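Report on one structure; see the data block that follows.
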Amino acid sequence: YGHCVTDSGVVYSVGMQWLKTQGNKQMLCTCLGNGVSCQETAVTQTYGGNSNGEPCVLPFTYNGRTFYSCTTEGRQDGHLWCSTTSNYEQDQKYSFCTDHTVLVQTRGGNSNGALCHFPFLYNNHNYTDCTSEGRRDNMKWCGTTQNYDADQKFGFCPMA
Ligand SMILES: *[C@@H]1O[C@H](CO)[C@@H](O)[C@H](O)[C@H]1NC(C)=O
């Protein structure tokens, strides 16, 4: 009951996302009991902006850097934004996104290589970063869901 097994024995509890190769690209596959909800590496839930919150069109460089996804670059409202056209500076088009659909690829603990979700609640104490609670060895970790302590599933974060 609950959770879903995939890959080669990697079961990810419901409401749990995890990156996986679906041919020749990365895909966002999350377990929800009723089945894994895979979603190609599509843009983020854009909104507002001078593009009707439509979809983005990256990679899109700005200020001198090449952004592959949404970014708060120059954003003073908090949310992020993404170019709504291959040639951003060209059509000066863009669109705001939500928490740049953050996606952490954690592994270890009790999530077995699970796409750590951020933010993540820990002991009714909301969190937003690979916290080292209970660990004394350089191995920052986070919750595989919006409520780690609520699902009892954690995972180690990347090297950086
Ligand atoms: C964590 O944040 C969410 C949304 O901000 C809120 O609904 C939830 O109650 C918070 N958790 C705690 C323990 O305050």
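Note that chain A carries Swiss-Prot numbering, so the residues on display, from first to last, are 305-464.
According to its header, this structure was worked out by solution NMR.
Here the Cβ of each residue, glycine as well, is placed from N, Cα and C on the backbone.
Candidates considered were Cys360, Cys401; the recorded disulfide partner of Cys374 in Swiss-Prot is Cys401.
Per Swiss-Prot, the disulphide partner of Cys335 among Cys308, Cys333, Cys342, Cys360 is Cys308. The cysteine that Swiss-Prot pairs with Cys420 in a disulfide, picked from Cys386, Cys446, is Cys446. Per Swiss-Prot, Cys360 makes its disulfide bond with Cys386 among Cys333, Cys386. Note: the domain 'Fibronectin type-I 6' (306-345) comprises 0 helix, 22 strand, 18 coil (DSSP; helix = H, G, I, strand = E, B). Beyond its flanks by at least six residues, the domain 'Fibronectin type-I 6' (306-345) meets 407, 409, 415-419, 421, 448-450, 455, 457 of its own chain at Cβ-Cβ distances under 8 Å. Here the domain 'Fibronectin type-II 1' (355-403) is broken down by DSSP into helix, strand and coil counts: 5 helix, 13 strand, 31 coil. With a cut-off of under 6 Å between the Cβ and any atom of ligand 1, the disulfide-bonded residues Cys308, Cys335, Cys360, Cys386, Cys434, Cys461 reduce to an empty set.
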